[PDB]
Each structure stands twice: as structure tokens, then as C-alpha cells.
Amino acid sequence: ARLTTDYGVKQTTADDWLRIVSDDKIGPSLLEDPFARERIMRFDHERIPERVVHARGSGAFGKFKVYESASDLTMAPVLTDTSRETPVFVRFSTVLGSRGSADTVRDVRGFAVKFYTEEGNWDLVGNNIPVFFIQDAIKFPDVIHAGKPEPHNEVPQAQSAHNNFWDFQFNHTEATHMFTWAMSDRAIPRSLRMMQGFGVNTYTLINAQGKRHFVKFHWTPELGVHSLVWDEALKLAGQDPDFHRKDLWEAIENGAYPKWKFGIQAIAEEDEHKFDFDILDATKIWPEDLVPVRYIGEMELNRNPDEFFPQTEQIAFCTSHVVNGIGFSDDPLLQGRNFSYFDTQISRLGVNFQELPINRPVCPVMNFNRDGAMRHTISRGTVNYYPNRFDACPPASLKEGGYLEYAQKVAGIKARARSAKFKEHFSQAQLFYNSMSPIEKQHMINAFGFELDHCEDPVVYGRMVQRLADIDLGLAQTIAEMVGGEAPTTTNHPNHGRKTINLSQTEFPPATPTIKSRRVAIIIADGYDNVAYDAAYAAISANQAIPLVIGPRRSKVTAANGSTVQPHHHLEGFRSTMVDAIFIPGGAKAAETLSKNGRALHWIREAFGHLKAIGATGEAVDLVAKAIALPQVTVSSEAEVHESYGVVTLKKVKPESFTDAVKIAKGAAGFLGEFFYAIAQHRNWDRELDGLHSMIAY
Amino acid sequence: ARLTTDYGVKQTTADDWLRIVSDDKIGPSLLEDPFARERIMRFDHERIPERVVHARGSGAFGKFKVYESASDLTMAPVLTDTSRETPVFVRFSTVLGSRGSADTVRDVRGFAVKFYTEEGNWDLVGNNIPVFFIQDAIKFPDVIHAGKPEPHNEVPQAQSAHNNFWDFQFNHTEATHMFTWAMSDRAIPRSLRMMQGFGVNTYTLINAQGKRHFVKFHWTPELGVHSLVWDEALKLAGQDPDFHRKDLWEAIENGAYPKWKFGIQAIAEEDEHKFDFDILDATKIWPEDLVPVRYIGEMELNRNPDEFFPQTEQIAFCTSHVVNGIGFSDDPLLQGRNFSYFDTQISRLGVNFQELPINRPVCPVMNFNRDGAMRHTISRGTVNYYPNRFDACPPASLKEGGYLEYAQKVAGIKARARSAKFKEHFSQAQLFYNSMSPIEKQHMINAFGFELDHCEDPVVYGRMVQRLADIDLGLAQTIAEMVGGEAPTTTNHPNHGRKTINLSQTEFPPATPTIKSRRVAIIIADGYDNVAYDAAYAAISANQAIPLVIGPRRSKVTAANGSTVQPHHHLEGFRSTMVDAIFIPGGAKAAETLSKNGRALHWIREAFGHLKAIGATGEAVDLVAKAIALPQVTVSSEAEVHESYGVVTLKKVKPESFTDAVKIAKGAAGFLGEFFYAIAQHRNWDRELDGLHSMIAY
Amino acid sequence: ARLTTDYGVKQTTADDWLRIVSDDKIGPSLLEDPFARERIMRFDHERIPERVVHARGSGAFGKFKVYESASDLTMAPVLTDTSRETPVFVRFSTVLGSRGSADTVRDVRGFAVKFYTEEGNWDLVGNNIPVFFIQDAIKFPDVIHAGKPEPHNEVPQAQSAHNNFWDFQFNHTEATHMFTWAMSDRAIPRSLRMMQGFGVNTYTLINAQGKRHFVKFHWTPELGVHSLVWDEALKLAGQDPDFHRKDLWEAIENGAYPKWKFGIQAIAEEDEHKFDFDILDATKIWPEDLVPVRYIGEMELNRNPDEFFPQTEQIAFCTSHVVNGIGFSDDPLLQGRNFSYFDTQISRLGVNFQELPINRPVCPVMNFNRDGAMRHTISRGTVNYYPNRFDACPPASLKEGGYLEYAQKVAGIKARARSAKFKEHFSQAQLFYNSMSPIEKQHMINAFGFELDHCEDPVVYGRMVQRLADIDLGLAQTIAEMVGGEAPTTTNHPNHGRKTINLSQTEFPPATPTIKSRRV
Ligand code: HDD
Ligand code: HDD
Ligand code: HDD
């Protein structure tokens, strides 16, 4: 392999333009040089427009397969064939930010899946939140413009924390349910692999008998639903803007393929109008206590892209992409969406976007669509229209797999309006808030407090405080004292206190106790205990977790016994925000050095403040106890394992200390068991519920 | 094969949009319909920008091979390997007209060849005229804008016959030589298969020893150089705007692959400054009496495109495309061209145009050029720059085929100017006019007369008449009496009368006497002589010519003997302008009917006026004689074959009449032989030289 | 004012698509609706390609004026007229990051100024660092690709802290001087209003007598040169990615218009070859102890944009934009740059980009350039070429202000190579490091330590440790103990210890003691 021009001509150098030159005097560059001009021209035109929304995203290839046929609901083979595996590509994303914005901002997350079925491409373009801000697609530009950077100065980037966003939220009551979800932990996921996915809009399924069902699609992570805490999310946005992109890529590269269970909620054609809300209203969820989610399949991502730009950046999804057996409903949000995903590709990619490798279906494509810019397809023949004398490219009958258009009855008048049930805008917002656990309510309170603090206009946060009273009077009062304004004492939308299942993240734990893919920092310094170090390192690895050694330097650290190791990073190059938990082995010399290292003390205080599991043995126990300096947090004093607020310690290490079985469960006996259990729980919420984090500086 | 969307979903119909409908009442179309929107969207975006120049063109695939190695001049394998065949695609075109303009207008013709060599793509982007209007590329917009439709009203289409064109010709004397060629028969070729091709600019060749030669490339048709006459060219422009496109496609489909000999003119590096003119001046030819053309190869076109748009419309050529062993010179016209063919593709096709099938090289392409709109190429790897730690994609040394940049010495100052010899602008214009045969001079005179007649501004044609005196005083006078103005009696640029070889088309006859691919109309009517008909039809076919039967109707025509035939076209659907010659068999009843048919009489008079061969036997002889009504044109009276001005007749057909050998040569004995000889001569110029065409109304 | 379509038809609502509907049942949306389709279509096509480099940036309007005529160096009125004020628009930016990336990352900062002079638009497209990574423009794609997110996974965003960047730095020694500047505090400015600006390449000035001078342009902040500290810069990148954009907008809105002094370094045509380095080598600075900076003007930014997208996002600069009296040199980096700023606009904006309000000159434009996509200009007349019979749009003579092309002598051969003096790649890197104050050296050490820590390939940081020995042996040892690798004990490029003036930020304090614009 040797350097060539794009037209195949080999070149002798990639370092000099053709110019006039002499040993002692340089001259002008020549216009004639085709190699140089081509290099610069290709470079000059590398960029294409970013997606108008969901510009920041990461994707991977995978496979989908149903383990239970849904033939009773649909005749689409992708959902009925339990023997075939369907290839997919999934792109996750944020919504408001442009291409270089951070992964860990507070925002809705896109969850788009392209199913390359034998019957054509089916795209399920969803989000990690089940509802949306608006009921009619016509207002998408309004809500997006309001959330995006303000027009005069293009501030702020990838943030809803500003005047215009909250101005729209207050003035468009349809969005009430949505901004409640937006302030919940759902909007700051720990990993794209640890969040749900939803079709959001109401679609339809048609079976072999022609019977139709209205449906909602669900994706549920087998690792469970987990989130970051705000201070941590903001730090990561700067310290590692690629946190989620790297998290996904790393897991797949390590063989920890993320999986999701695929479920369907179905309502028979005949029961369309049997609910208090309109089942086609995208600002409404279908309470699972009324319509259960039926899980029938599983999807896993098992292969990273070969090259990001031609694949992840150029992939195009659209709600318009449906295969036989799957259809649309009169959902007024979905209806306008179909128009958009085709239209936008014209300028973002080009009219022939379906020819791009990543977008092409895996089955035969036959039609008379022709030409267009950058056309690669060459079609032989003298005819390009139907009907024609050769009966070339005839339509497919229904029996041959032709798309079945449900003959839905339609009656009414042409008008710019929605039906009666769409007028209800507060009930589910209250239901959602009511269903949140205490810690989740606290996080939402902190979110409103931060967001409205960043609204400079007293009219904006003042009005929002009034609106919050329509969700919960107590909530309004708390926010009012935090950001200003006056919380009303009454409301025309009383909160009756009902709650529902499967809304709180507490109802989505991992399929089984695990710490798979979690990152655990092992903090050391010269003189560390090689014994505790070796035990933890092996146990972390053997439990599919990632051990990351952090030391004062990234060259060499010497253990108390003389053995050495090269840490992965030094204390200044990384931060606790980047890991799931920290472990510090003993060694008097090491503990003393770390106790005088401000950066190290911060690692401990921050990990504590961010509610992460902390484990320490030997002399490191006193290090942690003194770093935290909280009487509420007790530690081991002898050879007994001790746990307090997710802080696991063992001061006196004995021969049996690391011989106990490693059981990831409540009330484990050994040190590693209890430590891993704290990690498996993701975060220690009691630490925050008891206000301990508020006492620490991090 | 069944109808599907571009994303692979089978459809049941291509005739109805999804709408609200009932048996007796139709309703509105639905926005949700993805199949219909995709159909219309693809259609809405089918067009791409036409080429800014040479927009109207036709192309085909073929092969090239040298039969004599030019290793003494270059080490480029494409010009030294006599055992390999190099695939090529050639696109011919006009210059000024937009996409739907006519093939047979008066204009320079493009002759672009893309050589898909094993060492990369080499493009020889030439024209059918050896020189150009300007010396510096910076003025291309000026000459093109002047010739193109005038800006205020966009008139006229594909014509140099208007004020602005001739305004520029007069004011920019560098163009004198060129407009002389433009008014010659070279600008109205009979077929793209019957014209020469030239690189025009001076290129360079470098051999294995590193020695360089300045060169000119030539393409010479084996069918010879032939042209149409003006009245005919204009009629065809309307009657069949695709005349040349069809001519090329038909010949190839019929197995008559057009061929050209490839030749090179070479001047040693050391003799660069040994001529009166600058050898890098594109407004100058290298007189073949001074520098002979060395023919070393042959190219043939043998395959029509599979689909016009993705291939012929999207192919991109550029002077920048050169392979090792071939280089550029300081030709100030060529220098700027190199910049243009890359630049223009950005908007016409797209930055990734080299990825299109038709443009891709046939050898490996390896470099770090990346991304860009509509990117199909996927490159695995973590590096995309040089130098890199994996030494990925290193440059090729000269021994490995790396492009050799000649270390040409350069000395002077930075300035917007040309050197001394470039200042000569009239000598070769005179040489060209002097070298033209009498008939060619007459055709040029008629051209200037027609072109200037179409110039509304007295200042424009008035000045041009003055300029013509700088070419030939007699020419100026003749044009002045034809279009107005006052021809000067003197000139500061005397024409010394010298002539040179290989300029007149008379010096480019076919490789051997032939009528291959020529079209011959056989005009009949009920009662025609089946004998003469059968004889001519078989002889035409057996000599690789195309017999086209033309009758009063296109259903059935009955011969005098009762046999029948269905003509290819009726008299009103075709015209003599579309064929090379006409033949009319006998049959008293047929001749009588045709003698009273105005359209038929016109076929004869027009064929005569356009100088085409006319053959007739039996009763058709009197038909032709009376249709032409010229004493100067004599015809057979007995059983003897008679020829007069390309009109071949035989009044009394005998058993031996069609048993003579068919010899295409001067003074043949048989009727078919003499008739075919007249056809092989292309046109009868004596007919025009003696003013016989002027006596006929057609 | 009432809601209308783009074609002027008033609408009754912006909340509902036209559909089939009844009091109790909603129906499908109608295809016929032009108002709704137009709303969504305009929205669907709002975005245009971001700049291939310097995608993240912020700008403002201002004015420039020379207080001392430089007529001895040039006859360009913008630099000789002390009575006129020249309007300008300035866009500041980072280099590697895409549009939504953070303001406070470690990176070179772009400092582009468009001068709307009466004699045409003059753009001075500079950076906040005086030198560059490469000597020949042909390698721009290499250094940019190396620094940008790696191709397979598009990681990391707006950071030089990764394998490929440091792989290129080590392997292309021309970049040694540059990466030293990149690790200094210059790459993490506290404010765009507190950093210098440099033309970087060597330009030329021609006076009324036709005499030429080779020059370097300088912008020096009156508030002084100040920087953030790393931990702070990283936190801000997440806590307020618009920190610099807001800093600039706020200051201007509050009436604290940022100012810069404009200076010129000039070398007479005759002394072109009198230095150890080639004066046209962009990897070299002209030591101010050898060639002093002559300050002659001042520029201030005093007005924020009316709308970011049509102005700040769409503005196009190019080194090709020079007015009479200002020209180019054979600087092999500048030479290729001229080609690029015109070419890239074709896909980023469109061929008629010069018609956009923000790009249009303030003086008459007359030529025969025509058509092109989205053409707004309408030209009356039947002629569009030169020469023509009406002598329409004739050229301007030199006395009439026509651009003066210096008749520079040129002699040599056509070849892909640079001259002798370009071969020196380490001297100034050492000079720069030597000139840094103790605190600045410490910050650079911390930078190398952080950057190389983020290089996963032992070969990458291992080689860089070896390269650092060519700058300073002590530096290499310190970095080696911080990130790994083995610091060599010797070097073929000894550091002689010489220092020079005006490199350390300590030599650029505010014009006068102040806390103006500071937040407390
Ligand atoms: C009619 C306009 C409209 C409406 C009402 C919505 N969107 Fe949308 N969306 C677009 C118009 C759009 C778009 C402008 O057409 C985008 C960006 C560019 C593109 O390719 O598609 C897009 C992309 C886009 C993506 C990114 C696909 C990718 O990764 O490329 C996701 C995940 C969603 N949308 C999700 C949703 C959800 C869950 C919605 C609420 C039910 C929603 N969108 C309503
Ligand atoms: C610098 C500008 C310039 C100059 C001085 C010329 N041309 Fe050119 N030509 C172009 C700029 C151009 C172009 C604008 O770049 C075109 C049209 C679009 C395209 O692809 O290439 C083109 C196309 C084009 C084609 C058509 C290739 C095809 O079939 O696509 C031919 C045959 C020529 N040119 C021939 C010539 C000859 C024989 C010239 C005189 C020696 C000449 N051109 C001078
Ligand atoms: C030949 C390629 C090339 C080279 C060698 C450089 N650049 Fe460049 N630069 C471009 C090719 C480019 C570009 C690709 O054409 C850009 C981005 C898109 C655009 O409009 O211009 C650009 C933009 C760009 C901008 C942003 C203008 C804005 O705000 O829009 C600045 C400040 C610079 N460059 C500064 C420099 C400096 C100080 C350089 C070293 C002396 C340099 N560039 C070398």
C-alpha cells in the first residue's frame, strides 16, 4: 500500500507542495499541483450539516430477536420469527446540543434503532422518556427553538437552564408532564446502556387476519436504570465530554454487550376510547397498571463502527420507515414526524441517502425512483415508469408481502384543532411526581432549583413557581424559597396523590445483582499493601468490572513488599467522577502520603459526595475516616468488616480477610462481598437523604 | 421482482396516494403516506447542475492500445505497453449550449477521454479543433460569457451568431486564429465518429532516463473527417436534436465501432525556443511540416452506457488527471485549467465525485483524504494522517512508480503578463485560411455571412469586416457586400499566401474507400420495381450501410410484382437531412405517384441541394431529372450507367444491370459501384462550386 | 405584526396542523397544509456545515484606527489614514472542537479580523500564538486529523490529549516549537479579551514608491494577557461551556469595550536573508530583540451581533482578502492558505457567500462574475465580459487604486521541497521554554503530564519523553517520572540557555492597574 491521489496516481511525498525552490531561497507554490490541491480540497469539504436535533450521538451495530412470537398482534416477520436474528444499528443521542457538546448534560436522550429486516428497513425512532413536550408536530420548531441557544448570542449550549426554555414550558401547558420527566434523574443517565427506550408515539400492529391494535414500544435495560448526580454530571461534561460515547465503545470492545428487553403495550381497536386520556396523545403514558407491557424480544449491541463519520454520522432514521404489519395512528405528533425525517435528509445528506451503506436495506430494492445527486446505482433497461409494456417492476399483492394499509374509518371536518381529551394537561404530571421515590423527588427539586436559578428574568422563574403549584403545592413552596417568586397557596389543579407502577427508577433494577462493566479506581502510593491490592484487583476483574489503578505518578509505584506496578493514570489526570467507586488498600507509608495529598483527599471527598461506594483496608481506613471527617460515618476498628452509608472498611487484615466468598448481596460476610454489594446498588442514597453530602466540600 | 420503497418495503400499487375515500366521494390525501412522499421526493430532486460548458454531450465505453511503444518519450505504461488494452470512456460534446440544445449546431466539439490505466486515471480533455480563443485561462469567463446567451434575455441558445460573441472576437485579437477555425466545416461535423480530436494545450512526456519532451496529442478518425452543410445542420437541429447522439449509439449497437489513430508531436526540451511562435501558446498549432505527428496507438468505442445519467452525465474529467510519465507545461491556458476541473465538481457532483462508479480508478487508491458529503468508502483503522507510528500509507518511491515531478528551471518575476512570442496574433489565421480548399473557403465565407447577418449592432459586424482584412483582403470585401460595413483596402497584417499540410479536411479521407455506417434512403410508392429494390437493399447491407425504406405510408407498400414491404418511415415523418444519400427504384406507377407528391419532390431537391448522392433506375430517372430540372445535370437515356454531379442513373434496366461487381472507386462500371462511390465521397462539392444548389428551392 | 407564512399570508394559529377532527375523535393530518409543511421544512433545513476547523467561535463588531501613519511601509489607506475609522467584525474561536464544544479547552485560539475598508475587505486571519505546527500548507490535513477526534470512534472531543496528536508531534519535528506554545498558559486564556493575536505568516507591505517590506502583524490586549489554571478550565468546560462567549458579550453589553494595540514588525526587502532562520518560516518568530514591534493603531469591539447565525456563523474570512498596499510572501504555509479560504466556502456557505450582509464590502463592487446559487444581485445590461464594445467595467490603473502586484524576482526549479534554513526545528522551542517564568514552566510541566497521561500507547508517550530531551533535559526527566517512559541522558540538540523578550506572559501586564470587567 502506497500513497495515491483519489484518482489512483502514486505520490512520492505528503510533505511538500510543488513550488519554485533553490537550496538557499524558497519560492511561490504552483497552481498546477493536482495532488496538493486535491488534498486541501478534500479537507476543505469534509463537513456536512449536523442533525437539526440530536446532533450529539454515539452508535453501534447489534442484533435483535423475538423469543416469543407476537403473531396475534402482527404478521411482521421481524416480530414473529423466533428463529431468525435481525441485524440492527442503534444511535443514542442528546437533543439540544450541537456536535461537540457534552454527553452528560441534562437532556432527553435519543434511542434510535434501525432494523435491517428481510422485509425492508424498520426504524423505531424513540427517546429515553415515554412522553413529549407537545401534542402537535407543528410546534416542534417552537419547543426546540425555546430550548436551543437563544438567537441573539447563541447562549447557552446544550442546556434547558435559561429564560426561553422555561418561558415556553409555562406558556404551553401541554408540556407540563414532560418537563417533570426532564427534571428527573432520567435526564442524566449514568450510561446509555442503563436507560430505557420508548417509541413515545402510538403506533399500530396488524395481524394476518387484518385485525389492528394500537401499541406503545418499550426497551428495558438488563443492567437496570441508573443515573449520575448533578455536580458529577457537570464536571464530567468538561472533564470527559465523551463519557457516554467511551462508556458504550469500551463495554462493547470488552465483550460486555449491552442488552435490552423489547416490550409492547397493546390496546384493541375496539377499546380505543375507553380511557380518561386519548391513547393517541403523546403527552400521555399508558399506565402499566391499566395496560401491561408484554416483553417478547431482546436486542444486544455487539460491534462498534469501523469508521464513525460514514456510519454513525451519516445514518438516517425516520418514523416513515415501517414494514408490513406495522403502521401509523392518528397521533398528531407522529403524523407530522413522518414528513420530517425524509425532508431533512435532503440537505443533511442528499437525496440519495438511502444508497449509503449504513442506510441501505439488506433485501432487494426495485422501483422507478431515479437519478439525483451522487447517484451510485446503475439500472439497465429502456423503461423507468409504470405501467409499461414489459410489465417491469409490478406491484406486490398482499399475499406476496405488499404493505397492508389498514382501512381505518375517518369522519370529521378539516380544521386546525385537537379532540376533547387532549385538553387535559396536568393529571399525569402529578402522577409522575407522586410515583417518584423520596430521593428522586429530592433530585427533581434540586433540578428545578438549579434550572430556575439560571433564569435571569423574574417573570420566567416567577411564573414557573406558580405553575409548579399545579403539580404539587409543597414543591412550589420549596422552589420559591430557593429561586424567588411567590408560591401560590391554592390551585385549580389539585393533586389527589395517586401513584402508579414502573415510573420510579427503583422499579428497574438489574436483571440480577451485578457490577459488570462498572469501573473501580484502586488508589495507591509508594508503600501500598500488595495483598489487599492483589485480592481486590482479581475480584474486580473476575466480576467483569474494570480495575483502574490511580497513583501519585503514572511511571512506577512500589508496594510495601517491593513489588511494583505502573498505574493507569496519576491523581491529577483523572477524577473520581470518571469511576463508579474507589478502593484504597492499606500500607502505612501509602496512607500517610495520601493523607497529605490534597488531590487524593479530594478523590475521597468527591466520591463520598457523589454517593459512590468507598472501600478501604488497613491504614487506609483511618485515611478515609479522616478525609470524610463525619461522626455519622463509622468505620472498622478491628478485624471485622464494617459498612456505613456505602463506606466499607476493614482496619485489621487477617489471613481470612480475603478468603470469604464474594457474594453480591445484602448483608454479605466478607469485605469484597459487602464492597461489591455497595457498588451493585450504584449509589448510597441514604448518604444524601441524611444530608451528609451537604457537610462535605467537593 | 416487485415494487418496493427505497428502503425495501413492498408496495401494492403505484397508482394511488393514501387518502380518505368512499365509493361516491373522494377525500384529501394523507400526510402520513411514506411511499407516495418518497416517490415524489426522489422525482423532485432528480436534477443536478449541468456542466458550465460542454453541457450537451454523448459518450461511450471503449478500449485503447498502443501498437508502437513510445518509451523513448515516456515511461508511462499506458503509452509503452503494447500487450495490454486500456479501458476508456469518451464523452463528446458541444460547448455553448445547455443540456437540451441540438447536436448539429455550429460550435467547437469536446472530445474527452478518460484512460482507466493500472497506474491511475489519465484524462485527455481535448476538442475537435487544435487551438483556442485565448492564451490565458483567466479570460475563459469572458469568451464563454460572450458566446453564451446574452444576460438580459438569455438569447440566443447554442449559437455564436449574435452581437456579444463577435464583439469579443474583434476586441481580443488573440482569438483571430480560433474564430477562423470556428467558421470552417470543422465546427459542423457530420458525425462525432468523423472528426479529429486534439489535446490543444502543450503537455510533456518524461522517459525512464528523466528526459522531457513537449508534446501535442492528436486523434484521427479512420472514417475520415466529414461535415454537414449549414442549411442541413439547422434543419437537423430541429428535426432531430439527437442526431449525433443517435449516430454514435446506433453505430456501436450495430457493431460498427468507431476508431481513431492516436498520434504525438514531440519537441525536445532543448529546442523549446527554436520556433517563430511560442510552443506553449495555445492559439498556435505546430505546423506538421515542421513537427510531424507520430501515430502509435488506436482507440475504439465498443459499448454504449447502461444508463445515461449515472454514467455519461456524472462522469468528470480534468486536465489535472495525469499519470506518471505525463506532465504539464507552462502553457498559460493549461495552467489555469488544472484548477478548474477539480473546483467545478464540488457543486456539479459533490466533493466525493471520485467515488462515483464512472469516475473511480481501476487500481488501488490509498490516502488519508476523508469524509465529505455522500461518503460511501468505509476505512478501518485508528490513524488518518502522515507521518504516523504505524507508517501506514507511506509514499511511493520513484522506483515504485511514484509520480515524477520534472525539475524544470524557472526564472523571472511575478507579473500578470505573457512573454514576447505570445504577441503574434494573425499569422496562423492566414495560414489556416490559405490552406483551405476552394469549397472549404466558400463554406467559411457563407459562415461569416450568416453569423454577421445575425449581429444587430452595425458596430459589431462593421468592426469584424475590418478585422477580416487582417486575414485576407478579398475575404473582407466579400463579407462586406454580404452583411454591410466597409472593407478596408489595406492592412498592417499582409497575408503572404503560405499554406501548410494537414489542415484542410481533404487531407483526412477514410483509411480506405467505404460507406460503412452511412444511411441510405430507399424511396418507394405502390408499383415500385422489386428488382432494383432488392439489389440495392442487399448491396447497401452487404457494404455495412443502413437501408431505410421511405414510403407514402408506413403500413404497407406493394411492388409492381405484388410483393409487399412495410417502410421504416413515411415521407412526412422523415426528411433527407437525416440520411447520407437517396436511391429510388423504378416502377412506372411509383414514379408517377412520387412525381405528384410535393414532399417526395422535396426529398429529391433537398438531397440535391445538400450535395448528397442520388441514385435512380428505370422510371425514377425521369422523376429525378424533372424534380431537379437542371440542364447541367445529365442522366442516363438507355441501358448505360450515367453519373453527373453525384447523381447516378440507369434508365433501362437489363439482366446484367445488377450483376456488375460493386467496386467503390473512381470510374466504376456498374450502377451500384458508381452510386456507392458517390456516397463514399460523402458529398459532391462540384455541385456547389458550379452554383447548381443555388438554382434549387429546398 | 402578525404571524404569516414566508410568502406573506397571515395565519390564525401556530399550534395546530390542518387535520380531520371532531369533538370526540382526532383524525389524520392533511398533506395539503402549506403553512405547517413550510414551518417544518424551514426547521428541517436550518443547519449548515460547521467550519472544518475553528468551528466553535464568538464574534462582535468594532472599529479600527491608526494613530500613527505607516505610509513609510504601505500606501494602504486603512494603515495610513489617521482621521478615518474602519469598521471591523472579529470572530474568536478554538480550533479542534466542533460547534457545541467548550470555550475553555486547551487549544490554539483563532483571532480573525475583517476590515471593511473603503478600498475593499482586508482580512487578517490570525491566532493567539505566533507560530504554527507545520511549514507547508499541504500538511494541514495531517496535523488537523491527528488532533481531531480519532476516526474509528470520534474520541476525544476538542482535545489534543490523545494518542494520535502526540504521535504526529513526535514524528514531525517541524512542530516542536508549536507544541511547546500549546502546552503553555497561552492555550487556556482567561478571556478572549485578554490574549494576543498574530498574523503568524509573513506578509508584505508596499508603499507609494513601490518599495516592499516583509512583515508580521501583532495584536496586544490593553487588559493584558491572562490565563486560567487547568482544573478550573476543565470544570468550566462543563459548568459553563459558553464562558468565553458570555465573557465577551457581557463586557460589550456593559460598555467595557475590549481594546488591542496593533503592531507591525518590518524587515526591508534587502535584509530578507540576514537571519539564522528563514523569515518566511511560519514555525519561527522574529525575536523582538532583533526586530521590534512598532505599534501604530488600536481596535475595539463595541457592538454585539443582532443575530448569531446570519452574522457570526456565516461570516467568511480568508488570507486571500488583501487590499492594495498589502501582499503575500513565499511563506510556504501562507501560499496554500490562500487557496483554502475560497474553496471551503463553496460547501459551507455557497458560491455567492460574498453577497451575505456580513461578508459584503462597504465600497462598490463591479465585475463580470455572475449567477451561482441563491443569487440576490440583479445586474442590468446586455454585456457580461471584457473587453466589450461599451468599455463597460474597465480595469483600474495603479493611480486609480488598482492592486499593485510586486514584481518579485523568482529563480529556482519546480520541486516538492523547502530551502536550507527551514531544516532547523529545535532552537526556538528551547528559546521559548527558556523565556518562560518559573510559574509558566510549572504550568507547561503540568500540561505535558496531563496530556501524555491521556495517551494509552506506551510508544506515543515513550517517544515524546525522548523528544522533550531536545528541548530541555530536566523537563524530559520530570515528565518521564510523571507519565512513564525513559528520559534520555543526552541529546543532539543541546539547550544553550538563551532567552528573549516578550514571550512570557509576565511581559504583558494591563496598560494600567485595573480590575475592570472582573467578576467578584
Ligand atoms: C416533525 C418534527 C419532529 C417531531 C414532532 C419529532 N422529531 Fe425527532 N427528529 C426530527 C423531527 C422531529 C428531525 C428534524 O427530522 C430529525 C433530526 C435530523 C434527522 O435526521 O432527523 C430528528 C431526529 C430524531 C432522533 C435521532 C435519530 C438519529 O440518531 O439520527 C431521535 C431519537 C428522535 N428524533 C426522537 C423523537 C421522539 C421520541 C419524538 C417525539 C415523539 C420526536 N423525535 C419528535
Ligand atoms: C479554466 C477554465 C477552463 C479553460 C481555460 C478551458 N476549460 Fe474546459 N472545462 C472547464 C474549464 C475550462 C470546466 C468549467 O471546469 C469544465 C465544465 C464542467 C466540468 O466538469 O469541466 C470543462 C469541461 C470541458 C470538456 C468536457 C468534458 C466532459 O465531457 O465532461 C472538454 C472537452 C473541455 N473542457 C475542453 C477544453 C479545451 C480543449 C480547452 C482549451 C485548451 C479548455 N477546455 C479550456
Ligand atoms: C490550507 C489550509 C490551511 C492552513 C495551512 C491554515 N488554515 Fe486556517 N482555515 C482553513 C484552512 C487552513 C480553512 C479550512 O479554509 C478554514 C475553516 C473554514 C473556513 O472558513 O476557513 C479556516 C479558518 C481559520 C480561522 C477562523 C476564521 C473564522 O473565524 O471563521 C482562523 C482564525 C484561522 N484559520 C487561522 C489560521 C492560522 C493562524 C494559520 C497558520 C498560519 C492557519 N489558519 C493555517
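Residues numbered from 1 in each chain as written, not as in the entry; some residues may be left out. Chains lettered and ligands numbered in written order. Part of a larger assembly, values for the part shown. Heavy atoms only, no water.

Looking at the PDB entry, chain C carries the name Catalase 1, with the source organism given as Neurospora crassa. For this structure, the PDB entry title reads "Crystal structure of the catalase-1 from Neurospora crassa, native structure at 1.75A resolution". Regarding chain C, the relevant UniProt record gives this comment under Catalytic activity: "2 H2O2 = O2 + 2 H2O". Heading Subcellular location of the UniProt record for chain C holds this comment: "Secreted, Cell wall". (UniProt positions renumbered as here; feature names shortened; annotations may be inferred.)

You'll find chain A entered in the PDB entry as Catalase 1, with Neurospora crassa given as the organism. You can read under Cofactor in the UniProt record for chain A the words "heme".

> Explanation requested: the coordination of the iron atom of ligand 2 in the structure shown.
Metal coordination angles in their ideal form are 109.5 degrees for the four-donor tetrahedron and 90 or 180 degrees for the six-donor octahedron. Inspection of the coordination sphere of the iron atom of ligand 2 shows a single protein donor, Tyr341 of chain B (OH), at 2.4 Å. Take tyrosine 341 of chain B: it is sitting in helix α8 (residues 334-343). (Donors = N, O, S within 2.8 Å, 3.2 Å for Na, K, Ca; no water. Helix = DSSP H or I, 4+ residues; strand = E, 2+ residues; numbered from the N terminus.)

> What exactly am I supposed to notice about the UniProt feature "active site" in chain C here?
Residue and element names in this part refer to chain C. Within this structure's numbering, the places UniProt gives as "active site" are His54 and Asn127. Their sequence span is 74 residues, while the largest C-alpha to C-alpha distance among them is just 10.4 Å; these annotated residues converge on one region. Tracing the backbone through its elements, the reader meets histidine 54 in the loop between α1 (34-44) and β3 (57-66). Once residues within four sequence positions are removed from consideration, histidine 54 is found in contact with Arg91, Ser93, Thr94, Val95, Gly110 and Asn127. (Contact = heavy atoms within 4.5 Å.)

> Help me out: how do you make sense of the state of the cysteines in this one?
When the sulfur atoms of two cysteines share a covalent bond, that bond is a disulfide. Under the counting rule described, the total for this entry stands at zero disulfides over all chains. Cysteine 393 of chain B forms no disulfide, and the closest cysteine sulfur to it belongs to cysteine 363 of chain B, at a distance of 13 Å. (Disulfide = S-S within 2.5 Å.)

> How do you make sense of the environment of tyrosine 7 of chain C when you look at a structure like this?
Residues and elements named next belong to chain C. Here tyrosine 7 lies in the segment before β1 (19-21). A C-alpha to C-alpha distance of 63 Å links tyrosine 7 and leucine 431, two positions 424 residues apart in sequence. Look past the residues within four positions of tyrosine 7 in its chain and what remains in contact with it is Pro34, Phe35 and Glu38.

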